[PDB]
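K.L.:
my complex, first installment, coordinates as in the assembly:
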Amino acid sequence: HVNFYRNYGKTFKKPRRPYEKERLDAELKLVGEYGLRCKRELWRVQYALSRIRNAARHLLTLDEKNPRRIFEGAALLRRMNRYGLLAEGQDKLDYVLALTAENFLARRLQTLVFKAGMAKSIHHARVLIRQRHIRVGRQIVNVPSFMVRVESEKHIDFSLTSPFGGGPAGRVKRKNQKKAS
Amino acid sequence: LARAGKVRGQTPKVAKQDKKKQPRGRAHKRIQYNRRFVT
Amino acid sequence: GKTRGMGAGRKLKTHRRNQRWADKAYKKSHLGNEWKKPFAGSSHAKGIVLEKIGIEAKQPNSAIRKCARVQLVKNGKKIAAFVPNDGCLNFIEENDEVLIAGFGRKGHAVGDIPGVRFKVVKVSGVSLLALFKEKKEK
Amino acid sequence: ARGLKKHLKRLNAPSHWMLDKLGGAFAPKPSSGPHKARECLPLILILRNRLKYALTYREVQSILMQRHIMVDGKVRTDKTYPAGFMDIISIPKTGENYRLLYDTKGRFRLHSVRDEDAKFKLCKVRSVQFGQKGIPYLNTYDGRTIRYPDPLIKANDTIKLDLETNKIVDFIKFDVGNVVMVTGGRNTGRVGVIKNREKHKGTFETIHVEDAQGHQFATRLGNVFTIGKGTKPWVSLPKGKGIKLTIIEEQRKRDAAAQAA
């Protein structure tokens, strides 16, 4: 029976010590300050960070001039630079270890909407994402964890169908208009 | 075996109110955020 | 001290095989008596209750923990099982069809109930938490 | 089990077939043929998966039953034919010739050739020995048997065969210093010049080869294959002239192709 063969895995991990004031309030800091749906999203971010830091740690373990070191060091660095998650003049493969979950949370599309305006709130940013109000190049995106690359960051803009930036007015508009008319 | 259900029958019957729902999901973490350390 | 010769792999491997047996967990897990317990390597077990009994509680406490003598349909063991809710024993009745699960501490007596390792989690095919919470009556 | 296995499952398929994983349960199961059947490509993989002239099993069946697809001088209508190394696959309706060679990363390309270097093929010999009535014959790794061999053509050597005279026209003596290209393992695809050959009694003979630009490697005898005498090949090499390039180098190629446009 094929389609048994389609792989799939887990994306987060529940924390080791469930009830800690320090971690609990730090995670509430982050979840409220980025307006997230729950702490699953945050835990995905530590999982991705854990993955990349394991890779970077293993790369730093080796020595330079080692072709394995150079190759996926450069691959990891160009991945980071495509996500703009490192700044210019900062490609050293240690500033990958330096970065923290705030960096990933800052690239999510909600945050980018908030920082480009067009939301008037970060929770308003999330909802605008999920009501098909925003495209990237031409395709309307509704996943608030979209992880925009800088080559797409410049022209993140409304859809051509959303009432705010595109075409016809919404259903509340048209009910009010038709009962006025 | 005589005394089974004693206190759970002793207690008076009372009913809830008709509370307004609290927000779920994002909005619930919102109220927690801006209620713990925004106020 | 230890034997650390470069050629002592046989001695060290035999010695760990020999000395893991003093470990209680390994001995319990591989000795084969877990298949001689009542559940015999099962998580739960459907059984038939013989009677609602009620039993004493241990020295510091003083109470009557309401248990039942159940028979196992699978291999005929007769055991004692607790009923974990307030006044929940009434739902149980003689010769009803119950599901018996481990009572915690992994096959070892729990709390002040003397020598009882089992709990009732279903009766007559209805959830006992649901019975307690009037969600569904049998 | 109790007989020949007649189904082949996609994961069990050779890794150089490139074929995907959720594409189905089964793979073409190349029929018994003239080439080693783990080192081969079915003509269904030649048609549907590489050239895309069809889109289904049945459309490839239409292709082949039209009698167009002609291999090695004669049409082959089997849809699991084990076409392999320097088999030439011709199509009269497209007037288009292909020849099957390894590319440097261990897989099979269909290199176009014109008619003059499609009138003939080139293959190595397995062994030359006598037959009935003392007539010598030689055996190739393409399976072909040739009687009355030239008294100098020996084992492991290479021979060109036209498709009309259907016999030998010339032969490369497998020896030190002639260009080869490995046909199996991790070094397969890479052409190069034999630089040394050491023999150990009772085991595989080892061939040390040097590529056109400095790199050196080793290989077993069953995998190497002389092409031409000296450095010059007698066959049209693919877009990579048989040099396997290190991953860093191939990253630089794509970076330079990006920054050139």
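P.N.:
That came through, no problem. Numbering: from 1, shown residues only, chains lettered A, B, ... in the order given.

K.L.:
quick one, longest helix in chain C?
P.N.:
For chain C, the longest helix by residue count, based on DSSP state H, is helix C:9-19.

K.L.:
no, scratch that, I was asking about chain D
P.N.:
Counting by DSSP H, the longest helix found in chain D is helix D:247-259.

K.L.:
Where does chain B get nearest to chain D, residue-wise?
P.N.:
Residue nearest to chain D within chain B: residue B:25 (34.5 Å; C-beta to the nearest C-beta). The C-beta positions use only the backbone N, C-alpha and C, and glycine is treated the same way.

K.L.:
so that residue touches residue A:38, yeah?
P.N.:
Yes. In this structure residue B:25 lies within contact range of residue A:38 using C-beta atoms under 8 Å: 6.7 Å.

K.L.:
These two: which is more packed in?
P.N.:
Higher neighbour count among residue B:25 and residue A:38: residue A:38, with 13 against 10, using other C-beta atoms under 10 Å in any protein chain shown.

K.L.:
buried set for the longest helix of chain D?
P.N.:
For helix D:247-259, the neighbour count (16 or more other C-beta atoms under 10 Å in any protein chain shown) marks residue D:251 as buried.

K.L.:
now stretch D:55-65
P.N.:
D:60, D:63-64.

K.L.:
In TSV, list those along with secondary structure and distance to chain A.
P.N.:
Formatted as TSV, those follow (DSSP: H, G, I helix; E, B strand; the rest coil; distance: C-beta to the nearest C-beta, whole Å):
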residue	secondary structure	distance to chain A
D:60	helix	20
D:63	helix	26
D:64	helix	26
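
K.L.:
show me which of those residues neighbour chain B.
P.N.:
Near chain B, judged by C-beta under 8 Å from any C-beta of the partner chain, there are no entries from the buried residues of stretch D:55-65.

K.L.:
Tell me the one of those nearest chain B?
P.N.:
Closest approach to chain B among the buried residues of stretch D:55-65 (C-beta to the nearest C-beta): residue D:60, at 52.6 Å.

K.L.:
shouldn't residue D:63 be in contact with residue D:54?
P.N.:
Yes. Counting by C-beta under 8 Å, residue D:63 does reach residue D:54; the two are 5.6 Å apart.

K.L.:
Now list whatever residues contact both of these two.
P.N.:
Here residue D:63 and residue D:54 have residue D:47 as joint contacts, going by C-beta atoms under 8 Å, 6 or more residues apart in numbering or on different chains.

K.L.:
throw chain E onto that model:
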Amino acid sequence: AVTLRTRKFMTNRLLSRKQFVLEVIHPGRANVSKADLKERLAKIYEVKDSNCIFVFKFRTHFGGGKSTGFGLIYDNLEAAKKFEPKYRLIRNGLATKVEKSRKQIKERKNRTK
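P.N.:
Following on from the chains above, chain E is added here:
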């Protein structure tokens, strides 16, 4: 105001068709029906016979307005008769289907003679 552009386009005179992936751009419109694609694609290629066309496997990408699919310009309707699966000829009305009831189709028939 919807447009139609085709790429990955290749001719096969082994089966004498013109096979391509079409990338229709249909903004505002929900999606464009194949029966309506037929005559546009016919009138751009001058096929002289708008029935050799067969188009299939459309997606209508997430977000709408852009749809993919396959197109197969046959040159002879005779070629499209012989070299084609039956189902989409049946779809375009060039053949008809019959229903099965598999009892006695072979089993109790294998018993008498």
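
K.L.:
The buried residues of stretch D:55-65 again, this time with chain E added?
P.N.:
D:59-60, D:62-64.

K.L.:
and chain C, which residues reach chain B?
P.N.:
Contact residues (C-beta under 8 Å from any C-beta) of chain C with chain B: C:52, C:54, C:64, C:66, C:86-87, C:89-90.

K.L.:
Narrow the residues you listed to those in strands?
P.N.:
Taking DSSP state E, the ones among the residues of chain C next to chain B that sit in strands are C:52, C:64.

K.L.:
Can you tell me which of the residues of chain C next to chain B is closest to residue A:154?
P.N.:
residue C:86 (64.8 Å; C-beta to C-beta).

K.L.:
Once you drop chain neighbours, what's closest to the closest one?
P.N.:
Leaving aside its sequence neighbours, residue C:86 sits nearest to residue B:8 (C-beta to C-beta, 6 or more residues apart in numbering or on different chains; 4.7 Å).

K.L.:
ok, back up a step: for the longest helix of chain D, packing partners?
P.N.:
Counting contacts by 3 or more C-beta pairs under 8 Å, 6 or more residues apart in numbering or on different chains; DSSP states H and E, helix D:247-259 is packed against helix A:67-82.

K.L.:
what sits up against the helix it packs on?
P.N.:
A:52, A:55-56, A:59, A:62-64, A:86, A:91, A:93, A:96, A:149-151, D:246-248, D:251.

K.L.:
Centre of the chain to that helix, how far?
P.N.:
20 Å (C-alpha atoms, centre = their mean, to the nearest Å).

K.L.:
That one: which residues count as buried?
P.N.:
A:69-70, A:72-73, A:76-77, A:80-81.

K.L.:
quick one, phi/psi of residue 43?
P.N.:
Just so you know, I chose chain A. Dihedral angles of residue A:43 (phi, psi; degrees, to the nearest 10) stand at phi -70, psi -30.

K.L.:
right idea, wrong chain: chain E
P.N.:
phi -80, psi -10.

K.L.:
Distance check, it against residue D:144.
P.N.:
As for residue E:43, its distance to residue D:144 is 55 Å (criterion: C-beta to C-beta, to the nearest Å).

K.L.:
Which of the contacts of helix A:67-82 fall within helices?
P.N.:
A:52, A:55-56, A:59, A:96, A:150-151, D:247-248, D:251.

K.L.:
Give the buried subset of those as a PyMOL selection command.
P.N.:
Remark: buried members of the ones in helices among the contacts of helix A:67-82, expressed as a PyMOL selection using 16+ other C-beta under 10 Å:
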select buried, (chain A and resi 52+56+59+96) or (chain D and resi 251)
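
K.L.:
one more, RNA strand F:
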RNA sequence: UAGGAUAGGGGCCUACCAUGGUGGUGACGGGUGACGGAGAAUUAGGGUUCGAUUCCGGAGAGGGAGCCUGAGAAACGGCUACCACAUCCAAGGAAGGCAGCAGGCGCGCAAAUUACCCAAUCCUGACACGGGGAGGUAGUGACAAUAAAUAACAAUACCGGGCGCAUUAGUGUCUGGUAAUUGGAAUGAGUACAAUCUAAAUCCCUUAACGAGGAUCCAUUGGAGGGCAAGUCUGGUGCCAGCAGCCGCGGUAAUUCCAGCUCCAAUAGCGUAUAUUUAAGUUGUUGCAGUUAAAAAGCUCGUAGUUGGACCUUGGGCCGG
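P.N.:
RNA strand F, in position alongside the others:
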């Protein structure tokens, strides 16, 4: 050694002869709730446990045994016989083998449709056309995994902290909320013209018109003594009922039970049971301990085992970056 048999080597078997083969480096024997492997879970490293299962190999078709055909079978969707089971009989006879798909009984803590299809992947035949419960599609499917809704924004308000003077005020900025307060916006859940999807339908993706006043288009699971996050709330019960993984609570002022409010952790998930990994430097080769906490044999000899003192020219140079 000689032969017989096999497709073929061979004590595989026969005749004769020799007296050998394995073992403390564990044979033989016994257990295995043991098919093997690729691998799975967990993992700082090392490891520990698992691996029936879709990939490869082997073995079986109720239990044994024996053969026909055939290139290929000791075949079981082939036969013969026995044993267990069972069906039809008009009472002589006859047909059997779902550990194939689906489905029924039983066993159980434990596992779905007596569906559609050859269109795809391939197989098969005398064969471009037939066939294919292989295989795909669809229905049940909180096994597991992924994205991810349950509102958002504004001024009004009793108000609530600076910031414009900051006295003496008073109202002020992000709005913090008790606001079913007021208000127009946004939408998908759902309904659904149609098209697309499909072998044909169905789902998804698009999208005519419909589709939100907060009672609803209502989020739950468990917990509120310690661990361990969150009541020195209120009522009831009174060593009882009961809770409680452990420590413990309950003997009329219960932070621990039964209830209501509030709250908390996780959140479309969570609790429970068993088994297993971590914790566990509580199996320790890395890496434990043995005076007194469990542990140096009473003492010496002693074979295997383990471990074994020092000593042997690349000694000094050129040469090229």
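
K.L.:
again for the buried residues of stretch D:55-65, RNA strand F present now?
P.N.:
Quick answer for stretch D:55-65 (16+ other C-beta under 10 Å): D:59-60, D:62-64.

K.L.:
nearest to residue C:79, of these?
P.N.:
Of the buried residues of stretch D:55-65, the one sitting nearest to residue C:79 (C-beta to C-beta) turns out to be residue D:60, at 67.5 Å.

K.L.:
which stretches of chain A form helices?
P.N.:
Under DSSP H, chain A gives helices at A:21-33, A:39-61, A:67-82, A:95-98, A:101-107, A:109-115, A:122-130, A:150-153, A:171-180.

K.L.:
quick one: contacts of the fifth one?
P.N.:
Outside helix A:101-107, the residues that touch it by C-beta under 8 Å, 6+ apart are A:30, A:34, A:42, A:45-46, A:48-49, A:83-85, A:111, A:147-148.

K.L.:
need the residues of the stretch 1-150 of chain D near chain E, please.
P.N.:
Going by C-beta under 8 Å from any C-beta, the residues of the stretch 1-150 of chain D near chain E are D:52-56, D:58-59, D:62-63, D:66, D:68, D:91, D:93-94.

K.L.:
thinking again about what came up before, how far does the longest helix of chain D sit from its chain's centre?
P.N.:
How far helix D:247-259 lies from its chain's middle: 28 Å, per C-alpha atoms, centre = their mean.

K.L.:
Residues contacting that helix, please?
P.N.:
A:67, A:70-71, A:74, D:245.

K.L.:
swap the cut-off to 6 Å and go again
P.N.:
A:67, A:71 (C-beta atoms under 6 Å, 6 or more residues apart in numbering or on different chains).

K.L.:
In CSV, list the C-alpha atoms belonging to it.
P.N.:
Taking Å, rounded to 0.1, in the frame of the first residue of the first chain, the C-alpha atoms of helix D:247-259 are listed here in CSV:
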residue,chain,number,x,y,z
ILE,D,247,30.2,19.8,-4.6
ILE,D,248,31.9,23.0,-3.8
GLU,D,249,33.0,23.4,-7.4
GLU,D,250,29.5,22.7,-8.7
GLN,D,251,28.1,25.2,-6.2
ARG,D,252,30.5,27.8,-7.7
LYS,D,253,29.3,26.9,-11.2
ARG,D,254,25.7,27.7,-10.2
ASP,D,255,26.7,30.8,-8.3
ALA,D,256,28.7,32.1,-11.4
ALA,D,257,25.8,31.2,-13.7
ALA,D,258,23.6,33.3,-11.3
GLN,D,259,26.0,36.3,-11.3
